[PDB]
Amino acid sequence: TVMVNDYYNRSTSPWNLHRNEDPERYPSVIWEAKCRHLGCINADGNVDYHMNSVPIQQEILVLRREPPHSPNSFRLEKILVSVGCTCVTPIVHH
């Protein structure tokens, strides 16, 4: 316990941004990515299913009000967020 005071439009695996809001959380608003397509954009600008768009996830630190509905008392929490998309081969080498 302590005291405390456009490029994605040009991607071959493009995404949209989605508002993730939670007043019981700091930061209250987190911008999450959702891939537009299951395939990737090929050279003619069409979705190609020989490759797949996949979201990249990241574990983010967050402050959660503890106990519920407290203006100045928080607990440190980790959550998983989608930060963007990449284009991958659908097969795995494992």
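Rigid core (definition): largest C-alpha set, two forms, superposition within 1.5 Å. Counting begins at 1, following the sequence as shown.
- Rigid core superposition in 7 other deposited structures of this protein puts the Cα atoms of one stretch, out of 6 to 14 and 76 to 84, farther from the shown form on average, and that stretch is 6 to 14.
- A chain break between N5 and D6 is present, corresponding to 10 or more residues of the deposited sequence without coordinates.
- When the C-alpha B-factors of 33 to 41 and 54 to 62 are averaged, 54 to 62 comes out higher.
- In this entry, the higher average B-factor at the C-alpha atoms falls on 68 to 76, of the pair 68 to 76 and 9 to 17.
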